[PDB]
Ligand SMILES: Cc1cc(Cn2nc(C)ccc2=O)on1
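First comes one chain, alone, set out as C-alpha cells in the form deposited without the ligand.
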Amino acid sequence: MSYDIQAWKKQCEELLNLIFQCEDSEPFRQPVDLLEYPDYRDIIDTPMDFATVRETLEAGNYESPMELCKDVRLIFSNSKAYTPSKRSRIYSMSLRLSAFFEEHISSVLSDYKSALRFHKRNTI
C-alpha cells in the first residue's frame, strides 16, 4: 500500500529472508562464537549478525527501518575491521552482500520517510 508507515516491516522481513538464502551471507548469519574466536571482542566493540537482526525485527524492537539498516551496516563494518585483507574470501562475500543490501534498502527508507510525512501531516 502507498504511504504505509508499516510497509517497511514486511519489506525488511522479505529482504532478510533473501539475504539468509544467499550463499554470501554464510559467515554473517549467526553471532561469532566469542569462546571459539577469543580475540573477536578485542577488535569488535559491537558484534552484530543477521539472526539478531531478524529476531529484533520479529520482536517489534526496531522503531524504524533506519535502525535495522544501521545494524546491517554494522555487520559489514565489523567484517571489514576483523578481516585482515581484501584477499579474504570472507571480505569479498561481505562486499557482494553489502552492495545487494544497499540496492534494496534505499527504496524501503525513502518509502518510509514519505509514509511518515503523510502520517504526521495528512488531514484525511
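Just count from 1 along the sequence shown to find any residue number. We call the rigid core the largest set of C-alpha positions that still match within 1.5 Å between the two forms. Shifts are known only where both forms have a C-alpha.
Beyond the structure shown, there is the form deposited with the ligand bound, which is absent from this document and is the topic of what follows.
Taking the partner from the other structure, the ligand in the deposited complex has no heavy atom within 4.5 Å of any heavy atom of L57. For the three residues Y3, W8 and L116, a heavy atom within 4.5 Å of the ligand turns up in the deposited complex in no case. The partner is not shown here, but in the deposited complex the stretch 19 to 37 reaches within 4.5 angstroms of the ligand through a heavy atom at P27, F28, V32, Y37.
With the rigid core aligned between the shown form and the other one, only one of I43, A51, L34, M66 has a CA shift of 2 Å or more: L34.
Segments of 3 or more consecutive residues in which every C-alpha moves by 2 Å or more between the shown form and the other one, counting only residues present in both forms and fitting on the core, reduce to a single one: 33 to 37.
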